[PDB]
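Reviewing the structure listed below.
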Amino acid sequence: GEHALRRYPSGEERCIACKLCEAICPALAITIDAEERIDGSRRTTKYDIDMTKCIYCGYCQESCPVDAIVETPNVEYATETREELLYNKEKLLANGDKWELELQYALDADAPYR
Amino acid sequence: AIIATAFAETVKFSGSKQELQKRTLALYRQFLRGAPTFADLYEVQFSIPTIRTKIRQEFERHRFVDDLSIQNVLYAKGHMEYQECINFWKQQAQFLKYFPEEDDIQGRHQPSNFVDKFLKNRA
Amino acid sequence: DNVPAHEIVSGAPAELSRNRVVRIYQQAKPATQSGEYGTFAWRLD
Amino acid sequence: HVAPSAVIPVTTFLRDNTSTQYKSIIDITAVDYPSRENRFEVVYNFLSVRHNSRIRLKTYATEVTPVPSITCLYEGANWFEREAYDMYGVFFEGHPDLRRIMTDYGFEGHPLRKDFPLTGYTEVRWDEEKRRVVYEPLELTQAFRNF
Amino acid sequence: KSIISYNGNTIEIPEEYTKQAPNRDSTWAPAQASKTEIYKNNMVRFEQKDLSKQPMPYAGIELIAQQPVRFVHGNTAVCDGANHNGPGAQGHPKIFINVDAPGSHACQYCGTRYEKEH
Amino acid sequence: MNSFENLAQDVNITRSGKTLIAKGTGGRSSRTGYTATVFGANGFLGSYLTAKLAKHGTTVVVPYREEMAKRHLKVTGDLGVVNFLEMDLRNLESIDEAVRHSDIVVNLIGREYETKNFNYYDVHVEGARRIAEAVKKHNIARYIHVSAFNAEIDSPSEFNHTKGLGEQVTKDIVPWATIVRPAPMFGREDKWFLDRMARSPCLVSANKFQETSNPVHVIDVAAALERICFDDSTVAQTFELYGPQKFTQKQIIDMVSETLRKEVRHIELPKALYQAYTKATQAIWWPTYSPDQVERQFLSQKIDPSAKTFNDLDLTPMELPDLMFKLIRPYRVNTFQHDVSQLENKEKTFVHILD
Amino acid sequence: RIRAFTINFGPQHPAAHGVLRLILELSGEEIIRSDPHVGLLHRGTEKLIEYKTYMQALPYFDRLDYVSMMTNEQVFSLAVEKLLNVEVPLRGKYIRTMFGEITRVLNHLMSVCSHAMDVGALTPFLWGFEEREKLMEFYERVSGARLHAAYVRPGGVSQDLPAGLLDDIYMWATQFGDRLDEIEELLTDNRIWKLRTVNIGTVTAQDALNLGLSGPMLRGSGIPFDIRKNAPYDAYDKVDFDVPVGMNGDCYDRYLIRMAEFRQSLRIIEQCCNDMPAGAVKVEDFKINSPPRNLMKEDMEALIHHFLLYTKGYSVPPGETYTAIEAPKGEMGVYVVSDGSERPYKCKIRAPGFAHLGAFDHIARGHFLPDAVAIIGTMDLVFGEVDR
Amino acid sequence: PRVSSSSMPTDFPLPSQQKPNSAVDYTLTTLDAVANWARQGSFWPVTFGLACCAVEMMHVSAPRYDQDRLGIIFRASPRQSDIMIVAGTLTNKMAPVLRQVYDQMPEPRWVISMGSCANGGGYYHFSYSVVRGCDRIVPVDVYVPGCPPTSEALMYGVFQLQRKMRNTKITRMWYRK
Amino acid sequence: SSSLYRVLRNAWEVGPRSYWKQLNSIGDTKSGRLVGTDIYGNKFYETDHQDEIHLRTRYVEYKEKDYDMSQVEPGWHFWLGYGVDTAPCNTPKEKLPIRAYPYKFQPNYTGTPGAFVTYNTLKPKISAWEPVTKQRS
Ligand SMILES: CCCCCCCCCCCCCCCCCC(=O)OC[C@H](COP(=O)(O)OCCN)OC(=O)CCCCCCCCCCCCCCCCC
Ligand SMILES: NC(=O)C1=CN([C@@H]2O[C@H](COP(=O)(O)OP(=O)(O)OC[C@H]3O[C@@H](n4cnc5c(N)ncnc54)[C@H](OP(=O)(O)O)[C@@H]3O)[C@@H](O)[C@H]2O)C=CC1
Ligand code: SF4
Ligand code: SF4
Ligand code: SF4
Ligand SMILES: [Zn+2]
C-alpha cells in the first residue's frame with residue numbers, strides 16, 4: 001500500500017541513497033538526489049514518489065538493503081488533488097513515523113520469507 | 001471467411017508508374033467526391049473548397065517522388081486514410097489534425113527572422 | 001546518389017530530416033573499468 | 001529460413017503435406033534489425049495438432065518491399081499481418097483489408113521500429129478554447145530515464 | 001519571521017514553521033533548500049493552507065548525536081543494526097569499523113559511533 | 001516543437017523588479033515565469049483567458065465563490081499552474097491573498113443584474129476599489145480592468161454609470177492601470193446574445209430592434225487581454241475592443257434565423273410594460289432580463305476615438321456572419337433532405353422488406 | 001441490392017467486458033458483416049518491455065489478461081528460463097501449478113458468470129465473485145496483491161508460501177464443488193440457457209484451426225489438444241487431470257468445457273495441496289535470483305549479486321524462443337528475442353483473444369444481435385490481451 | 001437618489017468557515033442537507049470500465065462489499081448518471097469518447113480517477129498511446145491511488161466524494177451571491 | 001446470521017443507547033467485548049458468537065460523527081483487518097517500536113487546509129552570480 005521511509009531506533013533514517021529502488025522501479029516513480037551530509041554521512045536530500053506512476057509492486061521494498069523504503073498496509077489515502085500524491089521525503093518520513101508499529105508487525109511476520 | 005470492409009482495396013504493388021498514375025488519380029477523384037461527406041460527418045466549421053484545397057496540398061506534397069515503391073506505399077496509406085475518413089472511424093479530433101490553419105491565430109509573436117528566434121531562444 | 005528516401009514513408013516528423021544532427025560513434029572504453037563489452041557497437045544518438 | 005517469394009509455396013507444403021500438417025496459425029510477427037539491408041524479419045509460427053509439433057518460418061522485408069500474404073491459406077493471419085503493418089510498416093501484398101488495428105486513427109509512425117522513440121512524437125489534451133481534444137507536440141514533466 | 005518575496009512583498013510565516021525540523025533550525029546539506037526558500041518560491045500553494053498539519057518530521061542528524069558512543073576492546077567494532085526482538089535480519093549489512101585512531105568512528109549505514117576504550 | 005507565441009522574449013523583467021526566465025518550448029510542461037490573478041475566471045470571458053494563460057504555463061490564481069463552477073479550469077493547465085482560492089469582496093484578506101504573489105491582475109468582475117447583497121455600485125465601483133487598493137498596496141506590476149462599453153459617469157443606465165465610476169476609481173488609485181472596454185461579446189454559451197437569440201421563446205425590445213453595436217468574439221477579446229498582459233507598452237492606456245462591422249439587433253436576429261432555418265420570435269411591446277415585467281421577475285432566484293438592460297436597449301455604442309483598438313495589438317477580429325454558422329449550428333434542426341424527387345427509380349433497385 | 005445498416009455496438013457498453021468498438025452491418029436482424037475496432041486499450045506494452053530488464057518487464061504480463069495474471073507471468077518466466085537454461089525447483093513448480101489452476105478457477109468464474117450476466121443471468125456473477133474473493137485472499141497472502149501479484153518470476157517464485165495456507169486452500173476446496181453445482185442447477189439444464197447457447201457460434205474444427213483458435217474454442221469443435229498434456233511445462237506431468245472435449249462446436253459445449261475445467265482445476269489443487277514438496281521456491285543460482293536477505297546482509301558475494309540483479313539485471317543468453325501455455329483463455333505465447341543483454345530485443349505476446357476476436361467475423365455471420373453477445377461471451381475476451 | 005455609497009461589510013466570513021446564526025441560514029442549511037443526503041444516498045456512476053481496475057469495481061458490486069447497500073447503481077447511459085469513475089488507462093484513441101461521455105452527463109456531475117493509469121498515466125506513462133491522466137481530458141474531484149486500488153480503496157474514495165458533496169453549499173451560496 | 005433474534009438479543013446485551021448509536025452509525029446491531037481504545041478515541045470490539053460470519057468478528061465504533069477509516073490508529077488498522085491476533089493494547093513491550101521522537105497521529109486531511117503541499121526539498125542546481133561591481137582604477 002502506501003509508502004514509507006523508516007528510521008532506526010536511534011532516530012536516524014535508514015536510507016543511504018544507494019539508488020537501487022530508483023533503478024529497479026518499472027514505472028520510474030522514484031526520484032532521488034543525494035550528497036555528503038554535514039556529519040559526513042551518505043544521506044538523501046531528495047526522495048520523491050509519484051503515486052500516480054507507481055504500480056505498487058514491492059520491488060523497491062525488496063531491493064532496499066536497509067529496510068528503509070517499505071509499503072504499509074494502508075489503502076485509505078485518496079485525495080481531492082493530484083498534487084497531494086507527489087509524495088516527497090518529508091511526507092514519506094512522517095508516514096513511516098506514523099505507521100512504524102504496523103510495519104513492525106508486518107516485518108516480524110514477513111522478513112524470514114524474504 | 002473474414003471479408004473486407006466497405007471501401008477496402010487489396011494491396012497490389014504496381015510494377016509500373018503509368019498504372020499507379022491512374023490509381024492515384026482515381027484516389028484523388030474519390031477524396032474530392034467525398035469531401036462533402038467529410039464536412040457532414042465531421043462537424044466542420046469551414047468550407048468544402050477548403051477540404052479540397054487541403055487534399056490538393058497533401059497530394060502535391062508527394063508530387064515529385066520518382067521511386068516507384070515509395071509511391072506504392074504512399075498510395076496504400078492514402079487509401080487507408082480514405083477508408084478511415086469515409087467510413088466514420090475517425091472522430092473530429094483526428095480529422096482536424098490536417099487543418100491547423102483554420103484554428104485561430106496562435107498568439108502574436110511567431111518568429112520568421114534571426115533576432116526574434118534569438119530573443120526566444122529558437123535560433 | 002540514388003539512396004531511397006524512406007523518410008517520406010517513416011511517418012516521422014520532418015524536423016528530424018531538416019534541423020537535427022546525429023552522432024555515430026563507438027562508446028569510449030571507460031576509465032573506471034577495464035571492461036570492453038560496451039564497445040564494439042556503433043551507437044547512434 | 002526462406003525468401004519472400006518462397007512464402008506461399010513453403011506454407012502450402014507446411015499446410016497440405018501429410019508428414020507436415022501444420023494447420024493452425026499461431027502468430028505472425030516482425031523484428032527490426034536496422035543493421036541489415038533488409039531491416040524487417042517477418043516471422044511465422046505454426047502448430048500441428050495432428051503430430052503435436054511446432055515450426056517457424058522466417059522471411060525478410062524492407063520499408064517499401066512487400067511480403068506475400070498467407071490469408072489465402074490461413075484466415076487467422078489477417079489480424080496478425082495487420083498488426084505487423086501497424087507496428088513495423090511491413091506491407092503484405094494480397095491482403096484484403098490492410099489497415100491499422102492497434103494505433104490511433106490518424107497515427108503517423110510505426111512504433112516498434114527502433115528509431116521510433118518510446119514516448120512518440122505527439123500527445124493529447126483538451127482545449128477549452130476550441131472545445132476539442134487536440135494533438136500537440138510532446139513535453140514531459142519528468143523526462144524519461146533510460147538506465 | 002517575514003520573508004521578502006520576489007515581487008517585493010512580505011510573506012509572514014511563524015517561527016515554528018521556518019525551522020527545517022522541530023529539532024533543528026538549520027539545513028544539514030548544501031543542496032538542501034531552506035524553509036524560507038521553499039515558502040518564497042511556492043507560497044501560491046501554501047496560502048490558505050494550514051502549516052500546523054503539514055509533514056515536519058524530526059531530523060536524524062540531531063537524534064543520532066544524542067546516542068552515546070560505544071566502547072570496544074580492540075581495533076575493530078562490528079555493527080549490524082539488528083532488532084534482537086523479532087525474526088529475520090531487519091538490519092543493515094554487517095560492517096567492521098576500524099577504531100585505532102584517536103577519535104570516534106561511525107558506521108556508514110547508521111551513525112552509531114565507536115571508540116577504542118579511551 | 002511548441003512555441004511561446006505570447007512572449008516576445010524568454011527573459012522578462014516585471015515593473016516590480018522580478019526576473020522571469022521562461023522554461024521550455026511553450027507547451028503544458030513549460031513555464032513562462034509569470035503569475036496571474038483573474039478575478040472572474042469562473043465566467044464567460046475569464047474561462048477563455050485562463051485557458052490561454054495556462055496553456056503556456058502562466059501560474060493562474062483563480063479566486064472563486066462556488067467550488068463547483070470552477071472545476072473546468074483545472075484542466076486548462078498542468079499540475080501547479082492553476083491555483084484556487086476562496087474569495088468574497090466582503091473579505092479584504094481574501095483579496096490580498098489573491099493578489100500577493102502576482103505580476104498580473106485582471107478584474108473581470110461584473111453583473112448585469114442587481115442582487116440582494118450586491119447592487120450595481122457594490123460590484124462595479126466598491127469591488128473595483130477594493131481590488132485596486134490591494135493592487136496598490138502590493139505594488140503589482142500590471143493591472144488590467146474590464147469596463148463595459150458605453151460606460152459614462154452619469155448615464156441613463158445604472159450599469160454604465162457604475163462601470164464608469166469604477167473605471168475612474170481604478171485609474172485614480174492605480175494610475176498605471178489599463179482599462180479594456182469590450183463591446184457585446186458573442187460566442188459559445190454566451191450570456192445574453194446568441195444562445196439567447198436561438199433558444200428564447202420570444203425576444204422583446206422596448207425600443208425597436210434598433211440598438212446598434214459592433215459585436216466581438218469572446219476569444220479575440222481574450223486574445224487581446226493576453227497580449228495586453230505581456231505587452232508592457234499598455235500601461236495607463238484605454239482600449240475599445242469593438243470589432244469590424246456594425247449591426248443592429250434586428251440584423252443579428254435576421255442572421256440567426258437565416259442560419260437556424262427557423263423563425264425567431266420577437267414581440268416589440270412598449271417600455272413601461274416590459275420594464276415592469278422585468279422588475280417583477282427579479283423576485284425569482286435565477287437570472288432574468290433586468291430592467292436596466294431594457295434601459296440599455298435605447299443606448300447604442302458610442303466608441304471613444306481617443307482609446308486604443310485591436311490594431312494596436314496586431315490583431316484582426318473575426319466578425320459575426322462568418323462565425324454564426326459555427327455558433328448556431330447546434331440549434332439547427334435540419335428537418336429533411338432536399339427534393340426527394342429523382343429518388344424513386346434508384347430506390348426501386350434496393351430491398352426494403354427482407355423475406 | 002441488399003443495403004446494409006451500420007450500428008456501433010458501442011465503444012462504451014455493458015456486453016464488452018472492457019472497451020470494444022464492434023461496427024456491425026445488419027440486414028434486418030441478421031449480421032452480414034462485422035468489423036471489430038480495437039486499440040482503445042493499446043498502451044505500448046511491447047515497446048516498453050524493450051526498455052526494461054527481464055524483472056522490470058514481468059509486471060507487463062500481469063496486466064495483459066487481468067483476470068489470469070499468474071499464468072501470463074508463468075509463460076514469460078518459462079520463456080526466460082528456456083533462454084537462461086535454468087531449472088526451477090520442484091516446490092516452485094508445484095506452487096506454479098497450484099496457483100495456475102487457482103487462476104484458471106478465477107478466470108472461469110469471471111468468464112462463465114459474465115457470459116451469464118450478458119445473456120441475462122445476474123445471480124451467478126454475484127455467487128462466483130465471493131469465491132473469487134476467497135481465492136484473491138490466497139493471492140494476497142502469497143504475493144501481497146489481490147490481482148497483480150508479480151509472484152511467478154523467471155527462476156520460480158518470489159516468496160515461499162506463508163504458514164497455514166494449504167489448510168485454508170483445502171478448506172475452500174471442500175466447499176467449492178457445491179458452488180459449482182449450484183451454478184449448474186441454474187444454467188446447465190435450463191431451457192433459456194440452451195436456447196441462447198445451443199447451435200450459436202458454431203465453428204468447425206478445420207476452420208477452428210485455420211483461424212488460429214485454441215482452448216475451449218478448439219476443444220468444443222472436437223480436437224483433443226491441451227498443452228498441459230501435449231507439452232507439459234511446470235508440474236502437470238506429476239498430477240492427474242482429464243481434459244474435456246466437445247462436439248458440435250457451439251457455446252453450450254464451451255460452457256460445459258469450462259465447468260469441467262473448474263472441476264479438474266479443483267482436482268489439481270487437491271493433489272498439489274497433498275503432495276507439496278519441500279525445498280527452495282526459486283533457483284539456487286544467485287546470478288539469476290536474489291539471494292536471501294540474511295545472506296545479503298552477511299555475505300559479500302550475496303550482496304554483490306543483489307546489487308547487480310536489482311540494478312543491471314541478469315544477462316540472458318542470445319537467442320529466441322516461442323513458448324506457450326494452456327492459459328484459461330487458450331494458447332498464450334511469448335516470442336522473446338535476446339541480444340545477450342539485460343533487456344529484451346523483442347517481446348511479442350500471442351494473446352488468445354486476438355485470434356478469437358479476429359474470427360468473430362466468420363463465427364457471427366448469419367446470426368442475430370442477441371447471439372453476438374453470447375459469442376463475445378464464449379470467446380472470453382479481455383481486451384488488455386487483445387490490444388496489449 | 002442615485003446610490004453613491006456602500007456599507008458593504010469587511011471581515012465577512014468565507015464559505016468554509018461560515019457558521020449559521022439566523023433562521024434563514026438554518027433553513028438553507030436544512031435544504032442543502034436534504035439535497036446532499038439525496039446526492040449521497042443515490043450515487044449512480046456511469047459504466048466506464050476500461051481496464052483491470054474494473055475488476056475491483058465489480059468486486060465492489062460483489063457480496064463482500066455491496067455497493068447497493070450505500071445506494072450505488074451503475075447505469076449504462078450517461079444521461080441517467082451522476083458520477084464517472086475512470087477505472088483504467090486512457091488511450092489517445094479513447095479520450096474523445098471519454099469527454100463525450102462526460103459532456104453527456106447532466107449537472108451535478110463528478111469524476112473519480114481510479115488507478116495510477118488514470119491518475120497520472122501510471123505504468124504506461126512513457127508510452128506513445130496513453131494519456132498522462134484523465135486530468136488532461138476531464139476535471140477530477142477525487143483521485144483513488146493503487147494498481148489496482150483495492151475495493152476498500154475505491155469505497156474510501158466514494159466516501160471522500162460523499163464528504164465533499166455533504167459539505168457542498170447549494171442554497172447557502174446563493175444566499176451569499 | 002441476518003435474523004431478528006440476533007438483533008433483539010444483541011440489543012438486550014448492548015443497551016438501547018448503544019442500539020441507537022449503532023443504528024445511526026453502522027446500520028447493524030453488534031454485541032462484543034471491548035478490546036481497547038486508540039489514541040484518537042475509537043473503541044474496538046471483538047465478538048465470540050457463532051452468528052457473526054468470517055470477517056465480521058472485529059469492528060470499530062468511531063468517536064467522530066464524521067467518521068473515516070483514516071481515523072483508525074495504526075496497529076488497530078492491522079488488527080482491524082485480521083493481520084495480527086493480538087491488539088496493540090496486549091502486545092508485549094519488546095514487539096513495540098522504539099521511538100526517539102514524539103508520536104503524532106494525523107489522519108488524512110484531504111479536502112481541508114491541512115492537505116499536503118508538495119515541494120522540492122532541493123534548491124536550483126545552478127547557482128547564479130550575485131552581481132558586484134568594480135571601478136576602473
Ligand atoms: C414538499 C416539497 C418542498 C420543496 C421545497 C423546495 C424549496 C426550494 C427553495 C429554493 C430557494 C433557494 C434557491 C437557490 C438555488 C441556487 C443554487 C445555487 O446556488 O447554484 C447552483 C445552481 C447553479 O446554476 P448556475 O447559476 O447556472 O451556475 C453554474 C455553475 N454552478 O443553481 C440552481 O440550481 C438554479 C436552478 C434554476 C432553475 C431554473 C432553470 C431555468 C428555467 C426558466 C428559464 C430561464 C432560463 C434563464 C437562464 C439564464 C439565461 C442567460
Ligand atoms: N458578456 C458581455 O457581453 C459583456 C461583458 N462585459 C464585462 O466583461 C466582464 C465579463 O464578464 P462575462 O464575460 O459577461 O461573464 P460573467 O459576466 O458571467 O463573469 C462574471 C464574473 O463575475 C463574477 N462576479 C460577479 N459578481 C461578483 C461578486 N459580487 N463578487 C465576486 N465575484 C463576482 C462571477 O463570479 P460567479 O461566477 O461566482 O458569479 C464571474 O466570475 C464583466 O466585467 C462584464 O461586466 C462588458 C461588456 C459585454
Ligand atoms: S513498489 Fe511502487 S514505488 Fe516501488 S518500484 Fe514498484 S511502482 Fe515504484
Ligand atoms: S530507500 Fe533503500 S534502496 Fe532506496 S536509496 Fe534508500 S537505502 Fe537505497
Ligand atoms: S492503474 Fe494499475 S490496475 Fe489500474 S488500469 Fe492501470 S495498470 Fe491496471
Ligand atoms: Zn551500523
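A note on labels: chains of the C-alpha cells are A, B, ... as shown, every chain counts residues from 1, and ligands are counted from 1 in their shown order.
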
Please identify every polymer residue within 8 Å of ligand 2, using only C-alpha atoms and all ligand atoms, and present the set as an mmCIF file with N, CA, C and O atoms, in the first residue's frame.
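Final output, out_7.cif:
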```cif
data_model
loop_
_atom_site.group_PDB
_atom_site.id
_atom_site.type_symbol
_atom_site.label_atom_id
_atom_site.label_comp_id
_atom_site.auth_asym_id
_atom_site.auth_seq_id
_atom_site.Cartn_x
_atom_site.Cartn_y
_atom_site.Cartn_z
ATOM 1 N N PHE F 39 -9.946 37.495 -11.676
ATOM 2 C CA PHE F 39 -10.944 37.573 -10.622
ATOM 3 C C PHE F 39 -12.328 37.104 -11.048
ATOM 4 O O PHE F 39 -13.146 36.781 -10.180
ATOM 5 N N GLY F 40 -12.608 37.061 -12.346
ATOM 6 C CA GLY F 40 -13.831 36.480 -12.866
ATOM 7 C C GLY F 40 -13.580 35.268 -13.733
ATOM 8 O O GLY F 40 -14.196 35.110 -14.789
ATOM 9 N N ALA F 41 -12.664 34.405 -13.295
ATOM 10 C CA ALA F 41 -12.225 33.288 -14.118
ATOM 11 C C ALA F 41 -13.314 32.240 -14.309
ATOM 12 O O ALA F 41 -13.297 31.511 -15.305
ATOM 13 N N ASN F 42 -14.256 32.140 -13.372
ATOM 14 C CA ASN F 42 -15.332 31.162 -13.490
ATOM 15 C C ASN F 42 -16.194 31.394 -14.721
ATOM 16 O O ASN F 42 -16.805 30.453 -15.234
ATOM 17 N N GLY F 43 -16.258 32.621 -15.202
ATOM 18 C CA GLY F 43 -17.266 33.039 -16.146
ATOM 19 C C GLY F 43 -16.924 32.831 -17.599
ATOM 20 O O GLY F 43 -16.152 31.944 -17.973
ATOM 21 N N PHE F 44 -17.516 33.687 -18.429
ATOM 22 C CA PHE F 44 -17.557 33.501 -19.871
ATOM 23 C C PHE F 44 -16.241 33.899 -20.522
ATOM 24 O O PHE F 44 -15.615 33.099 -21.221
ATOM 25 N N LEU F 45 -15.802 35.134 -20.299
ATOM 26 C CA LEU F 45 -14.516 35.584 -20.814
ATOM 27 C C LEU F 45 -13.360 35.038 -19.984
ATOM 28 O O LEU F 45 -12.295 34.710 -20.526
ATOM 29 N N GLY F 46 -13.556 34.945 -18.671
ATOM 30 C CA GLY F 46 -12.489 34.513 -17.794
ATOM 31 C C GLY F 46 -12.013 33.107 -18.074
ATOM 32 O O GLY F 46 -10.827 32.813 -17.935
ATOM 33 N N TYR F 64 -12.463 32.249 -6.329
ATOM 34 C CA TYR F 64 -13.730 31.611 -6.638
ATOM 35 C C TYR F 64 -14.662 31.715 -5.446
ATOM 36 O O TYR F 64 -14.227 31.822 -4.300
ATOM 37 N N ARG F 65 -15.957 31.678 -5.746
ATOM 38 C CA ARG F 65 -17.016 31.640 -4.754
ATOM 39 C C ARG F 65 -17.681 30.276 -4.658
ATOM 40 O O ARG F 65 -17.810 29.732 -3.559
ATOM 41 N N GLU F 66 -18.109 29.716 -5.784
ATOM 42 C CA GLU F 66 -18.729 28.399 -5.833
ATOM 43 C C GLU F 66 -17.690 27.366 -6.245
ATOM 44 O O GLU F 66 -17.083 27.481 -7.313
ATOM 45 N N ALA F 69 -18.376 25.624 -9.853
ATOM 46 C CA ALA F 69 -18.354 26.357 -11.107
ATOM 47 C C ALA F 69 -16.963 26.485 -11.708
ATOM 48 O O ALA F 69 -16.851 26.847 -12.881
ATOM 49 N N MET F 87 -12.878 33.304 -2.145
ATOM 50 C CA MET F 87 -12.840 34.756 -2.132
ATOM 51 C C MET F 87 -14.244 35.311 -1.987
ATOM 52 O O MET F 87 -15.216 34.729 -2.470
ATOM 53 N N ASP F 88 -14.334 36.446 -1.302
ATOM 54 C CA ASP F 88 -15.527 37.272 -1.300
ATOM 55 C C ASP F 88 -15.069 38.715 -1.198
ATOM 56 O O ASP F 88 -14.144 39.024 -0.447
ATOM 57 N N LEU F 89 -15.712 39.591 -1.968
ATOM 58 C CA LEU F 89 -15.359 41.005 -1.953
ATOM 59 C C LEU F 89 -15.637 41.665 -0.615
ATOM 60 O O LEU F 89 -15.160 42.779 -0.383
ATOM 61 N N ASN F 107 -9.216 42.165 -13.408
ATOM 62 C CA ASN F 107 -10.560 42.249 -12.850
ATOM 63 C C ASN F 107 -11.548 42.129 -13.999
ATOM 64 O O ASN F 107 -11.714 43.062 -14.791
ATOM 65 N N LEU F 108 -12.205 40.977 -14.073
ATOM 66 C CA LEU F 108 -13.313 40.721 -14.976
ATOM 67 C C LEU F 108 -14.637 40.618 -14.233
ATOM 68 O O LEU F 108 -15.585 40.019 -14.744
ATOM 69 N N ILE F 109 -14.718 41.180 -13.032
ATOM 70 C CA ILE F 109 -15.900 41.025 -12.196
ATOM 71 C C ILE F 109 -16.965 42.013 -12.642
ATOM 72 O O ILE F 109 -16.714 43.218 -12.752
ATOM 73 N N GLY F 110 -18.165 41.500 -12.886
ATOM 74 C CA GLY F 110 -19.309 42.335 -13.167
ATOM 75 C C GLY F 110 -20.591 41.560 -13.381
ATOM 76 O O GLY F 110 -20.587 40.508 -14.022
ATOM 77 N N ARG F 111 -21.692 42.073 -12.839
ATOM 78 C CA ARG F 111 -23.017 41.504 -13.018
ATOM 79 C C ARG F 111 -23.874 42.426 -13.872
ATOM 80 O O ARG F 111 -23.784 43.651 -13.764
ATOM 81 N N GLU F 112 -24.700 41.824 -14.719
ATOM 82 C CA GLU F 112 -25.706 42.538 -15.487
ATOM 83 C C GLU F 112 -27.026 42.679 -14.738
ATOM 84 O O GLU F 112 -28.011 43.127 -15.331
ATOM 85 N N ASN F 117 -27.413 41.191 -2.151
ATOM 86 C CA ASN F 117 -26.192 41.529 -1.446
ATOM 87 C C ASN F 117 -25.279 42.462 -2.226
ATOM 88 O O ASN F 117 -24.407 43.090 -1.620
ATOM 89 N N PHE F 118 -25.465 42.574 -3.539
ATOM 90 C CA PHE F 118 -24.592 43.359 -4.404
ATOM 91 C C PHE F 118 -25.456 44.157 -5.368
ATOM 92 O O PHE F 118 -26.034 43.584 -6.295
ATOM 93 N N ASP F 122 -22.040 48.235 -5.634
ATOM 94 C CA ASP F 122 -21.240 47.400 -4.747
ATOM 95 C C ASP F 122 -20.327 46.460 -5.518
ATOM 96 O O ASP F 122 -19.252 46.104 -5.025
ATOM 97 N N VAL F 123 -20.728 46.057 -6.718
ATOM 98 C CA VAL F 123 -19.914 45.168 -7.536
ATOM 99 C C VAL F 123 -18.993 45.947 -8.465
ATOM 100 O O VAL F 123 -17.817 45.603 -8.599
ATOM 101 N N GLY F 127 -16.218 47.083 -5.293
ATOM 102 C CA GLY F 127 -15.366 45.927 -5.517
ATOM 103 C C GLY F 127 -14.116 46.276 -6.301
ATOM 104 O O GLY F 127 -13.014 45.824 -5.972
ATOM 105 N N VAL F 146 -11.560 45.495 -16.721
ATOM 106 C CA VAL F 146 -12.511 45.416 -17.822
ATOM 107 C C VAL F 146 -13.778 46.163 -17.428
ATOM 108 O O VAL F 146 -14.435 45.824 -16.437
ATOM 109 N N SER F 147 -14.103 47.183 -18.217
ATOM 110 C CA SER F 147 -15.256 48.052 -18.030
ATOM 111 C C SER F 147 -16.115 47.959 -19.277
ATOM 112 O O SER F 147 -15.595 48.075 -20.377
ATOM 113 N N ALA F 148 -17.417 47.767 -19.126
ATOM 114 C CA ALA F 148 -18.241 47.552 -20.309
ATOM 115 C C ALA F 148 -18.255 48.776 -21.223
ATOM 116 O O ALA F 148 -17.948 49.899 -20.819
ATOM 117 N N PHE F 149 -18.597 48.526 -22.483
ATOM 118 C CA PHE F 149 -18.748 49.579 -23.476
ATOM 119 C C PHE F 149 -19.836 50.565 -23.079
ATOM 120 O O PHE F 149 -20.716 50.275 -22.264
ATOM 121 N N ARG F 181 -12.279 48.116 -22.747
ATOM 122 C CA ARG F 181 -13.713 48.327 -22.909
ATOM 123 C C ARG F 181 -14.278 47.411 -23.983
ATOM 124 O O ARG F 181 -14.343 47.791 -25.160
ATOM 125 N N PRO F 182 -14.708 46.202 -23.633
ATOM 126 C CA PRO F 182 -15.272 45.312 -24.641
ATOM 127 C C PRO F 182 -16.688 45.691 -25.018
ATOM 128 O O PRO F 182 -17.459 46.221 -24.220
ATOM 129 N N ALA F 183 -17.011 45.397 -26.261
ATOM 130 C CA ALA F 183 -18.337 45.538 -26.821
ATOM 131 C C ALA F 183 -19.104 44.258 -26.530
ATOM 132 O O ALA F 183 -18.556 43.364 -25.874
ATOM 133 N N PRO F 184 -20.367 44.139 -26.944
ATOM 134 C CA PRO F 184 -21.120 42.911 -26.669
ATOM 135 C C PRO F 184 -20.428 41.674 -27.214
ATOM 136 O O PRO F 184 -20.234 41.524 -28.421
ATOM 137 N N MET F 185 -20.061 40.783 -26.299
ATOM 138 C CA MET F 185 -19.302 39.592 -26.628
ATOM 139 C C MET F 185 -20.244 38.454 -26.979
ATOM 140 O O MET F 185 -21.196 38.178 -26.246
ATOM 141 N N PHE F 186 -19.974 37.810 -28.106
ATOM 142 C CA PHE F 186 -20.714 36.652 -28.568
ATOM 143 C C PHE F 186 -19.794 35.444 -28.605
ATOM 144 O O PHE F 186 -18.568 35.565 -28.565
ATOM 145 N N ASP F 190 -22.753 31.894 -24.590
ATOM 146 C CA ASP F 190 -22.731 33.307 -24.282
ATOM 147 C C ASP F 190 -23.840 33.637 -23.290
ATOM 148 O O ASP F 190 -24.747 32.841 -23.037
ATOM 149 N N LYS F 191 -23.767 34.838 -22.729
ATOM 150 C CA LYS F 191 -24.664 35.180 -21.637
ATOM 151 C C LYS F 191 -26.038 35.598 -22.146
ATOM 152 O O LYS F 191 -27.047 34.984 -21.786
ATOM 153 N N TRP F 192 -26.098 36.628 -23.001
ATOM 154 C CA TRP F 192 -27.381 37.224 -23.368
ATOM 155 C C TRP F 192 -27.534 37.555 -24.854
ATOM 156 O O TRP F 192 -28.400 38.370 -25.195
ATOM 157 N N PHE F 193 -26.752 36.948 -25.755
ATOM 158 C CA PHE F 193 -26.728 37.388 -27.150
ATOM 159 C C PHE F 193 -27.221 36.328 -28.133
ATOM 160 O O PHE F 193 -28.395 36.363 -28.518
ATOM 161 N N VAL F 218 -15.634 36.507 -28.241
ATOM 162 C CA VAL F 218 -15.059 36.445 -26.901
ATOM 163 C C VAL F 218 -13.626 35.943 -26.940
ATOM 164 O O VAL F 218 -12.790 36.366 -26.134
ATOM 165 N N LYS H 177 -24.392 34.865 -2.800
ATOM 166 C CA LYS H 177 -24.439 35.579 -4.065
ATOM 167 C C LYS H 177 -25.578 36.589 -4.077
ATOM 168 O O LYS H 177 -25.351 37.797 -4.086
#
```

Subject >> Contacts of residue B:32 within 9 Å, only C-alpha atoms, excl. fewer than 5 positions in-chain, as a list in words >> reply: residues 27, 51, 52, 55 and 56 of chain B

**OP:** Pick out each residue of stretch 33-134 of chain I that DSSP on the backbone tags as strand (DSSP E); I need them as a VMD selection string.
**Re:** chain I and resid 33 to 37 43 to 46 58 to 61

Subject >> Surrounding residues as a ChimeraX atom specification, ligand 1, max 9 Å, only C-alpha atoms and all ligand atoms >> reply: /F:42,66-70,189-193,195-196,200,284-289 /H:28,31,107-108,169-177
